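Remarks on the overall topology
Chain by chain, the residues run as shown.
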Amino acid sequence: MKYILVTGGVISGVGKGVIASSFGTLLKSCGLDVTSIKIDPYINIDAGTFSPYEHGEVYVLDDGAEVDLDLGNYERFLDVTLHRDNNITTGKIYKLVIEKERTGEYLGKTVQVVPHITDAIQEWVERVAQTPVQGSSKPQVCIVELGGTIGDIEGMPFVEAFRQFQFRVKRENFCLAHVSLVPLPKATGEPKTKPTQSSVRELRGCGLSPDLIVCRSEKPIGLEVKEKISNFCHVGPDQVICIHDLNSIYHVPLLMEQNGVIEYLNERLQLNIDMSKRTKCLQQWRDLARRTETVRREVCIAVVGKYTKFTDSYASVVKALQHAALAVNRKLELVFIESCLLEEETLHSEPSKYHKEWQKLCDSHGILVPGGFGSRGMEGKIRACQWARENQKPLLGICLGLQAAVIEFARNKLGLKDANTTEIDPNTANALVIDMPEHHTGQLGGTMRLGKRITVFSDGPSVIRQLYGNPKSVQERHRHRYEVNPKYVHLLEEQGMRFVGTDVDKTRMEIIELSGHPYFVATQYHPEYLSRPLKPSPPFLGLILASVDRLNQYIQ
Amino acid sequence: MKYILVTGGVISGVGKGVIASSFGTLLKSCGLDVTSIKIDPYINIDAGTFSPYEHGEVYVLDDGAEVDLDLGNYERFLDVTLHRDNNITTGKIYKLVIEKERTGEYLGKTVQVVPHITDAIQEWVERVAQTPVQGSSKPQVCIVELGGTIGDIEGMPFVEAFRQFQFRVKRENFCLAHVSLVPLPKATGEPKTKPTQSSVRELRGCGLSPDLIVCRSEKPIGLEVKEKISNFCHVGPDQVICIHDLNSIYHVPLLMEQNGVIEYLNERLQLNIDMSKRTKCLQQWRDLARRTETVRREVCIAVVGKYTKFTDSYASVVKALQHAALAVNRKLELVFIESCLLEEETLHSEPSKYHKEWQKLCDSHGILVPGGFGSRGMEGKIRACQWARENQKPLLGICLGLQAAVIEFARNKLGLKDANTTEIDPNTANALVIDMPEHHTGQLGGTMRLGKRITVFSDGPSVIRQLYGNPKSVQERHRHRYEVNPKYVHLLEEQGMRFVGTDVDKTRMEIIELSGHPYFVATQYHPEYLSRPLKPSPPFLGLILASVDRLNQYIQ
Amino acid sequence: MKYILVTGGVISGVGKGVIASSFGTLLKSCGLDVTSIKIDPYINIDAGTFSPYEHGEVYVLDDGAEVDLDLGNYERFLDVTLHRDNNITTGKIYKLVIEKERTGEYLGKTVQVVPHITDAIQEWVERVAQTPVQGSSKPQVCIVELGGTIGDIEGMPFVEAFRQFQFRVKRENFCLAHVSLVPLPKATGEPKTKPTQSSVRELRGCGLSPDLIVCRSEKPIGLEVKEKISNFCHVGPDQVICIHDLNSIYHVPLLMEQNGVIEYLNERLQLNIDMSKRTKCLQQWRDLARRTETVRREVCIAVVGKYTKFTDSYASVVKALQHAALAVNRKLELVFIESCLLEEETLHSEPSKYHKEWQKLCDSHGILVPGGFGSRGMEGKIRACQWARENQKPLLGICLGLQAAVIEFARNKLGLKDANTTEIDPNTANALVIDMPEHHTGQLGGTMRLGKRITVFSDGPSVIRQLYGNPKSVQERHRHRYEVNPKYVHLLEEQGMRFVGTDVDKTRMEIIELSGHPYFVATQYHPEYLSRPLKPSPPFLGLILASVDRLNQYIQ
Ligand SMILES: Nc1ncnc2c1ncn2[C@@H]1O[C@H](COP(=O)(O)OP(=O)(O)CP(=O)(O)O)[C@@H](O)[C@H]1O
Ligand SMILES: Nc1ncnc2c1ncn2[C@@H]1O[C@H](COP(=O)(O)OP(=O)(O)CP(=O)(O)O)[C@@H](O)[C@H]1O
Ligand SMILES: Nc1ncnc2c1ncn2[C@@H]1O[C@H](COP(=O)(O)OP(=O)(O)CP(=O)(O)O)[C@@H](O)[C@H]1O
Ligand SMILES: O=c1ccn([C@@H]2O[C@H](COP(=O)(O)OP(=O)(O)OP(=O)(O)O)[C@@H](O)[C@H]2O)c(=O)[nH]1
Ligand SMILES: O=c1ccn([C@@H]2O[C@H](COP(=O)(O)OP(=O)(O)OP(=O)(O)O)[C@@H](O)[C@H]2O)c(=O)[nH]1
Ligand SMILES: O=c1ccn([C@@H]2O[C@H](COP(=O)(O)OP(=O)(O)OP(=O)(O)O)[C@@H](O)[C@H]2O)c(=O)[nH]1
Ligand SMILES: NC(=O)CC[C@H](N)C(=O)O
Ligand SMILES: NC(=O)CC[C@H](N)C(=O)O
Ligand SMILES: NC(=O)CC[C@H](N)C(=O)O
């Protein structure tokens, strides 16, 4: 196997994820089978106990693992289905080693960071890079992305491990790409290279020497800075890639190919890539990158969320909307409406903000009510669901907009002003949402309905089933404990509601619809985790279509 | 509280243990209440899975913990009874933090080395330095000893933690002593200071600056090197302590007091030590250090062990023998006889070594058969027990020489040539030694009879009970699974054997004796873990006495 | 060209000089043409302003330069005649660069350490390694020896320069050998490898990775430590050379050849060394190393010097005596008599030391009065010259024992009790030694008679001319200002004195002799700088011969 470690320099948040995914899609278009690994140096087995403000929209994999979002970038660019062992952390490693020790598999000897922790890291990487990730095909390249910045005390074990790995795997089977920042202050008005110099120096002071140096700047830099970097880093003048701020991220693979990275790698790792046939493989990505510039229609969508102060806490949602729009040939424009500012409590505090946010919500072509955990800001979601039900405005809810929509329907058509979940107020008289742990009721192994599960379609013509291709069932990724109450099923179904999707046991409804409303679908699963750039999720696709008044035409 | 971190420099194995214990005994003679902590940067909860070749004679504490031997130095110098939390490791810390994370006590946030691991280390140190360790008195000084060498990747978390600790605890309550090596090669014939320079530079490059620099050399160095160190380390000329290779280790506290370390600390940590009364407190240690030079009697003892290639795998045993000798006013001389070279299998290989070792064993005044685990080299222990029983030679066995002695008695007085343990050969017909797990039979919590337990004395005049002060019972530290068979009790007691000590349940014999033999005591417990310099263990004391033919006189 | 940088580790004074000279003589026996370079990181153009206590017996080259003594090791092992540019210092480099700047050869640009100082160092090394040093043959290998220890602030420019040099010269033309110390303390009784680990880590943290690791210890270390070093340094198990303390230094090249360093280098630098013919080239060195063990005759020589507290301040003298002895097949034994302890001023202070030193001087077979500068301890030299003239004891004086001998002859045969030099007391009435600057009288360029000059032989049968091969003249290296007075020439020649050697101008006498004395030669030049192991200097040879009463036989 051949490995490509990707490291970071001046700051964290400079683009290693897209760089790595681009290497991956390049190598995958040239006929290879790539896999990927993300190394988070934080002491956390997984991202289940995380808040979106911390690390941006916890992802979910098919086996039920909750991981970083960079694995989402990998899955969306390479079109693969990773596993849990593709997300290494310091906690996983130390816990594995400590268990091994207490058991007695290090019999009699002293366990130290070097060599035992680093051997664990190496064995992990080697074992994981051989797990068939796109069926049964065995990988040939593995892209490791070392989160953080080179120099921190958190990621020294890993740097040492890879310092030994390059000797262990015959450097002709190992490359290292360093992503650094070239700041261009507004005072000096000149790009500065000293940060990159210090970062490369710190790196080489750890036993590693870069082969590529991808310099991330806001605006393009000239050959002067390129040759300065080449000199002060002993890299050539053609293996210093310059990646400025592009329109979209489908430009990055192209900006890398045009800079001769495919040829460099084919010559450096000895991959045996037939050049004459590696033409016209990125055609799909060129088309997609052109459609990113050749769309002027201005479809506007409303994201009624509670973390809207961050734009990374909805990464997969935003990106699925973008994919669907690009497939509909429209220019998406997203307004981030905070659900806290739709309640009357802010009307008593800042009527200005209240009316401004409600105006935003009212002059939009569609409404998306994402998921979330807790209680802060759910009443606003219910207000928005109601307003979109009383104004014939399309709406899509995801695992919490479904609960909110059902609550709205209850408290506004059954008059049950006490309708609520068992989460916001447990001692409520009427409870439309109650816990249904998958199997935690009985054991501790399996509390939350995590991972990919089956959902069959109840009989009845439904637009959501038509969008999905009129199948019998779908596999989708779930992350939720609660569920719609099975007793109020008829109390709310003898009305403008319809449950078209459920599990094989018919006790869990996870796809609802409204009668007469043009588009009021809501799902208990997360359809955004299976939305690839060349494959938009049917729900978001229908949302966009109905939001521009083209859905019925698209069906017929 | 006031803390004294002790760090190491050029190499590991330069004397930090004795330096720290000496600081402790100095401060404890001046009227203070000291506690101690040892920081082993290895990934091991404890030293239960260790072999003596690794880290030198696993110690045992009253609560059942198996720790390093440096805690033995602390206990023997300060006369305290430490606990399990007085031995910090990287594994303990990381495991605690990982459990906290998985539970949810770091709610929502990202756990990193800094600040979380270092905060755990700080809280651990602060909580532990306040645990009454000599009764109910609360400590006032805590001596932390950071194992390893400053610069290694294993102990960076701890160095960072203490870099923050010195600010957290108001540097007037914090000192740092650096122990370094001054090599004197035989080519240059001149002491070299460059290693110490590099070590102090690496240290200061971590945020810490030494207050004392204890330079360990083989021979005394002059004022030239002292002032060179003072210059190149920005320490004064009086806070550079020079500690050469002394006769014994009871000289180190004196060589430190004479160098004005007590005054320096009293002025630096502001301890309020009344100088006029701090005279004639180390009188006991001066007497002991003089008795180390004024003894010429040449009592020779045989240590029939299996790890005799190392002199640190019997540290506590050797030191208890030294204490007892010094109390008897004799100059101990130890011969380390490997038990493997007493079997006939080496007679068929190297008769020279066989006869040499047997000669050594035969021209000695006494025999000590220490403990150990496994099977390699036990037959030799049985041969030695027999020879000492058939030649009226004193013998003392410790938790494995007792089993070996019982096996010898069986197979040489009952003719049961098949007598053996259930460990060497489980399917044996006759088994004199069988497992009796304390409570593992029933659960997993408590398999080995670890820690301090009670042993009552069965009726009958016994020399071992006379040595112990004629008490009803004794508290001693046990570490063993096996036990003498309760069915062969009479098969071997209707002979020259006598079981004078047992537990409160009378099902476990742990003190035996021979009838007619001058001294053939053997104990299932470890009496060397309670042998302090000013308090020798009664068993070793009686061994030495009988070995010089003075025991009967000492009793009467 | 192919370069071999030699670096040092734990301490300075571990043996890089002999290591490098051994590499040189190995490569030179295999048919190559080696040159050498010494990099002293001190700010000193040369060693003219130095005292022997500082850096051990300032050397002198043919062109008049005063350099370190390591160039003496190079000259004595490779049999070459180096130049001034073969001794790089920080001062030379910075001065060259500053002159270039002030002139304007760096026109308009900013001069910095990197890249300008390092480019100066590289250009210097490349230019110097191509200067024919053994005639007109152009070198093929250049051995650079970087004085100091890797890590110090003095030698970072050079380490950076060579980090760039390995890329500039195509690593197949560059090797780096790291000499480190493996301390074996007497407490632990075990070799420690952690210093070497830290040194290799610091090195790799500067951009360089060792190819060989020569470990210098006092006693041989086993394969365990070798493999530990190989592991913790990523070098093989055969490129870790172990060099213990040998009898002599003619063993080092052999101990290196036997360890397969010649083959390693031939394979690593691609030198094209014909193995089948590289046998029986070190035969001379094997013979010399055997003669170092097979000599038992105990010739004793007296070194009447003033720096005798150091054994490196007479390196060349001691080594020339050793060469001559080995050629005479005798075991040299050197007694270092301090000339200060022969004056009556110590008789009034410590008669014990006075009589002890005079006894030492009296029970020796010969006397050597070396050179030196100043006044402290010259009266003792005159006392010794007299005693050796009045007791028929051989004597050899070198550029200061000649002045002392002439002073003795004057004040003890002419009664001129005021005889003295113009240096000890300038206003003296009688002055036997006066300044005769070569050409400083007239200019500032050439004050001291430095460098190699001609000395012709005045007519008359002389034993010193017979030893030199009965030539007409000799080329020898001078370093001195003063000279014998040309007016007292006859005042002291109409007596037991004879001036057999002088310059072409017949105004400077530099070879004297006594009439009737068996051997009382004294030279104003330094004959020890041309004494190679296989070519002993005639003066020392005759001294040894006459000291064993074999000189007349050797002549006839
Ligand atoms: N060259 C580029 N041009 C335009 N947009 C870019 C870009 N590189 C990154 N981006 C955008 O900024 C975001 C930066 O996040 P990214 O994950 O790529 O870097 P990162 O440093 O946060 C990875 P990690 O968190 O593991 O350190 C990307 O998601 C992308 O939307
Ligand atoms: N100044 C001294 N003089 C004489 N003997 C000394 C000595 N210092 C230490 N020793 C002896 O050498 C042994 C060195 O072991 P010690 O535990 O003191 O250092 P160390 O570096 O091994 C602690 P750690 O293992 O935690 O790093 C001591 O047990 C002692 O018997
Ligand atoms: N392996 C060896 N065996 C025996 N003697 C040795 C030896 N290596 C060195 N020596 C002796 O010790 C002396 C050490 O001086 P040397 O010049 O070789 O090291 P060094 O570190 O002082 C060079 P520099 O001053 O440039 O750093 C040598 O001159 C030699 O006489
Ligand atoms: O104020 C200064 C700045 C710099 N210098 C010295 O002149 C040199 C200028 O180097 P700089 O630090 O100004 O920039 P750089 O060329 O290393 O890379 P960029 O940040 O421009 O991308 C440096 O080597 C420094 O030693 C000064 O003497 N004074
Ligand atoms: O061979 C050498 C050795 C040393 N030096 C230079 O002269 C200085 C001598 O310093 P040293 O390295 O010889 O020793 P030290 O005084 O630092 O401490 P000790 O090991 O003696 O205890 C150093 O600063 C070095 O730069 C040389 O130029 N050449
Ligand atoms: O007192 C100690 C000493 C060492 N250690 C830990 O156990 C390991 C022992 O490693 P050492 O530091 O004792 O020696 P070494 O094997 O690195 O090389 P030598 O000096 O023996 O030649 C080290 O990695 C350290 O983390 C401790 O925990 N406590
Ligand atoms: N992902 C979410 O929005 C979670 C919503 C809610 N906690 C549930 O389990 O249904
Ligand atoms: N400490 C020891 O010598 C152990 C001996 C034996 N394993 C027992 O448990 O009795
Ligand atoms: N090298 C020396 O001994 C110098 C001696 C004296 N200074 C001279 O010039 O003659």
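Calculation criteria
- Residues numbered from 1 in each chain as written, not as in the entry; some residues may be left out.
- Chains lettered and ligands numbered in written order.
- Part of a larger assembly, values for the part shown.
- Heavy atoms only, no water.
- Near = heavy atom within 4 Å.
- Polar contact = N/O pair within 3.5 Å; in protein donor to acceptor, adjacent residues only side chain to side chain.
- Areas by Shrake-Rupley, 256 points an atom, 1.4 Å probe, with all protein chains shown as cover.
- Helix = DSSP H or I, 4+ residues; strand = E, 2+ residues; numbered from the N terminus.
- Nonpolar A, V, L, I, M, F, W, Y, C, P; charged D, E, K, R; others polar.
- Least-squares fit on C-alpha atoms.
- Contact = heavy atoms within 4.5 Å.
- Buried area = accessible area lost by both parts, 1.4 Å probe.
- Salt bridge = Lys/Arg side-chain N within 4 Å of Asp/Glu carboxyl O.
- Domains from an automatic or database assignment.
- Buried < 20%, exposed > 50% of the residue type's maximum accessible area, 1.4 Å probe, protein only.
- Pairing = 2+ DSSP bridges.
- Axes fitted to C-alpha atoms, helices over the stretch in contact; angles between N-to-C directions.
- Parallel < 35°, antiparallel > 145°, perpendicular 65-115°, else oblique.
- Left-handed = near helix turned anticlockwise from the far one by under 90°.
- 1 Å grid on protein atoms, 1.4 Å probe; cavity = no way out; pocket = protein on both sides within 12 Å on 5 of 7 lines; lining within 4 Å.
- Points joined across faces, edges and corners; volume = space filled by probe spheres on them.

Further remarks concern the site of ligand 5. Looking at ligand 5, there are 15 residues lining it, with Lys192, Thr193 and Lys228 of chain B together with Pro41 and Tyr42 of chain C nearest. Among the chains of the assembly, those with residues near ligand 5 are chains B and C. Residue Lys194 of chain B places a side-chain N or O atom 3.4 Å away from an oxygen atom belonging to ligand 5. Within the contact set of ligand 5, an oxygen atom lies 3.0 Å away from a side-chain nitrogen or oxygen of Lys228 of chain B. Alone, ligand 5 offers 590 Å² of accessible surface; in the complex the protein occludes 79% of this. Contributing elements (two or more residues each) for the shell around ligand 5: helix 7 (194-204) of chain B together with strand 2 (34-40) of chain C. Classifying every residue of the shell around ligand 5 by side-chain character gives three nonpolar, five polar and seven charged.

With that settled, the discussion passes to unusual backbone geometry. Among all residues except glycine, the phi angle is most often negative; among peptide bonds, the trans geometry is most common. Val114 of chain A connects to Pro115 of chain A through a cis peptide bond whose omega is 5 degrees. In this structure, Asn272 of chain B takes a positive phi of about 65 degrees despite not being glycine. Its identity is not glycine, yet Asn329 of chain C carries a phi of approximately 65 degrees, on the positive side. Note that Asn329 of chain C resides in the loop between helix 12 (315-328) and strand 11 (332-338).

Next up on the list: the site of ligand 1. Residues and elements named next belong to chain A. Near ligand 1, the surroundings consist of 15 residues, among which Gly13, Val14, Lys16, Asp70 and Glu145 are the closest. One of the backbone nitrogen or oxygen atoms of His244 is found 3.3 Å away from a nitrogen atom of ligand 1. A distance of 3.4 Å is found between a nitrogen atom of ligand 1 and a backbone nitrogen or oxygen belonging to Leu246. A total of 630 Å² of accessible area belongs to ligand 1 in isolation, and the protein chains cover 74% of it. Among the elements that take part in the shell around ligand 1, helix 1 (residues 16-29) stands out by supplying three residues, more than any other. Across the shell around ligand 1, the residue classes tally to five nonpolar, five polar and five charged.

Screw-axis analysis of chain C against chain B gives a translation of 0.0 Å along the axis, an RMSD of 0.0 Å, and a rotation angle of 180 degrees. Such a turn and shift between the copies fits a two-fold axis. The position closest to the rotation axis in chain C is occupied by the C-alpha of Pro183 of chain C, lying 3.7 Å away. Interface residue correspondence from chain C to chain B reaches 100%, placing this contact among same-surface, isologous pairings.

All right, on to the interface of chain B and chain A then. Interface size is commonly expressed as the accessible surface area that is lost when the partners come together. Opposite the 30 residues of chain B that make contact, chain A presents 30 residues. Where chain B abuts chain A, roughly 2,800 Å² becomes buried across the two surfaces, and 62% of that area is made up of carbon and sulfur atoms. When the buried surface of chain B facing chain A is broken down by residue, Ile43, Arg102 and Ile153 of chain B rank first, second and third, together holding 22% of it. In this structure, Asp46 of chain B and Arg102 of chain A form a salt bridge, with 2.7 Å as the shortest nitrogen-oxygen distance. Applying the counting criterion to the chain B and chain A interface returns 14 residue pairs in polar contact. Residue assignment for the side of chain B that touches chain A shows that the elements contributing at least two residues are helix 2 (52-55), helix 4 (90-103), helix 5 (113-128) and helix 6 (156-168) of chain B. Counting residues per element, the side of chain B that touches chain A draws most heavily on helix 4 of chain B, at eight residues. When its residues are assigned to classes, the side of chain B that touches chain A shows 14 nonpolar, nine polar and seven charged.

All names here are of chain A. When the domains of chain A are assigned, the result is domain 1 (2-290) and domain 2 (291-555). When each unit is reduced to the centre of its C-alpha atoms, the spacing between domain 1 and domain 2 is 35 Å. In this assembly, 28 residues from domain 1 lie in contact with 30 residues from domain 2. Approximately 2,700 Å² of surface area, both sides summed, lies buried where domain 1 meets domain 2, with 54% of it carried by carbon and sulfur atoms.

This part is about the pattern of salt bridges. Inspection of every chain in the model, using the stated rule, returns 87 salt bridges over all chains. The partner of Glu438 of chain A in a salt bridge is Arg449 of chain A, with the nearest N and O atoms 3.0 Å apart. With a gap of eleven residues between them, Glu438 of chain A in the loop between strand 14 (433-435) and strand 15 (451-457) and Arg449 of chain A in the loop between strand 14 and strand 15 connect regions that are remote in the sequence. Among the residues examined, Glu438 of chain A registers a relative accessible area of 32% and is labelled partly exposed. Between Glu408 of chain B and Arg389 of chain B there is a salt bridge, and its shortest N-O distance comes to 2.5 Å. Residue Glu408 of chain B is found in helix 16 (residues 401-413), and its partner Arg389 of chain B is found in helix 15 (residues 378-389); the two are separated by 19 residues along the sequence. Pair check on accessibility: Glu408 of chain B and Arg389 of chain B agree, each one buried. Salt bridges linked by common partners bring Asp62, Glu75, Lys452, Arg477 and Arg532 of chain A together as one network.

Another point: the side chain of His478 of chain B. Residues and elements named next belong to chain B. Checked against the element boundaries, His478 lands in strand 16 (residues 473-478). A polar contact of 3.5 Å, which involves the side chain of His478, links it to the side chain of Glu510. Among all residues touching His478, those that are not within four sequence positions of it are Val60, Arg449, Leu450, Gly451, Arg453, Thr455, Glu510, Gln524 and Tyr525.

Our next topic: the sheet that holds strand 13 (residues 395-398) of chain B. Backbone-to-backbone hydrogen bonds pair the strands of a sheet. The strands run either parallel or antiparallel. Residues and elements named next belong to chain B. Strand order in the open sheet made by the nine strands is 11-10-12-13-20-19-18-15-16, with mixed pairing throughout. Bordering the open sheet on either side are strand 11 (332-338) and strand 16, each of which pairs with just one other strand. Taken pair by pair, the neighbouring strands of this sheet meet at an average axis angle of 25 degrees, ignoring direction. As defined by bridge partners, strand 19 (residues 509-513) adjoins strand 20 (residues 520-523) across two bridges and the pair is classed as antiparallel.

Take the interface of chain C and chain B next. Taken residue by residue, the interface counts 18 residues in chain C and 18 residues in chain B. Here chain C and chain B share an interface that buries about 1,500 Å² over both sides, 56% of which is from carbon and sulfur atoms. Considering only the side of chain C, the residues that lose the most area to chain B are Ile11, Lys192 and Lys194 of chain C, jointly responsible for 26% of the buried surface there. Applying the counting criterion to the chain C and chain B interface returns four salt bridges. Across the chain C-chain B interface, the total number found is six residue pairs in polar contact. A total of three residues in the side of chain C that touches chain B trace back to one element, the largest contributor, which is helix 7 (residues 194-204) of chain C. Considering only residue class, the side of chain C that touches chain B consists of five nonpolar, five polar and eight charged.

Moving on, we get to the packing of helix 5 (residues 113-128) of chain C against helix 6 (residues 156-168) of chain C. Residue and element names in this part refer to chain C. Interaxial distance between helix 5 and helix 6 falls to 9 Å at its minimum, and their mutual angle equals 65 degrees. In terms of orientation, helix 5 lies roughly perpendicular with respect to helix 6. Between helix 5 and helix 6 the crossing geometry is right-handed. Residues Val114, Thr118, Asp119, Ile121, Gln122, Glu123, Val125 and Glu126 of helix 5 lie in contact with helix 6, whose contacting residues are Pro157, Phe158, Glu160, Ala161, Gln164, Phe165 and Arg168. Of the residues that constitute the contact of helix 5 with helix 6, the class distribution is seven nonpolar, three polar and five charged.

Here the second largest pocket is characterised by a volume of approximately 1,400 Å³. Considering the residues around the second largest pocket, the lining is formed by 38 residues, among which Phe167, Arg171 and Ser209 of chain A together with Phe167 and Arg171 of chain C are closest to the centre. Looking at the lining of the second largest pocket, the elements that each hand over two or more residues are helix 6 (156-168), strand 7 (174-181) and helix 10 (261-270) of chain A together with helix 6, strand 7 (174-181) and helix 10 (261-270) of chain C. Its residues assigned to classes, the lining of the second largest pocket shows 16 nonpolar, ten polar and twelve charged.

Superposition of the two copies of the chain requires a rotation about an axis and a shift along the axis. Laying chain B over chain A is done by rotating through 180 degrees and shifting 0.0 Å along the axis; what remains is an RMSD of 0.0 Å. Interface residue correspondence from chain B to chain A reaches 100%, placing this contact among same-surface, isologous pairings.

The next thing to look at is the sheet that holds strand 7 of chain A. Residues and elements named next belong to chain A. With parallel pairing, the seven strands of this open sheet are ordered in space as 5-2-6-1-7-8-9. Only two strands of the sheet have a single neighbouring strand rather than two, namely strand 5 (87-89) and strand 9 (242-243). In terms of strand pairing, strand 2 (residues 34-40) meets strand 5 through three bridges, oriented parallel. Looking across to strand 5, one finds that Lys38 is bridged to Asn87.

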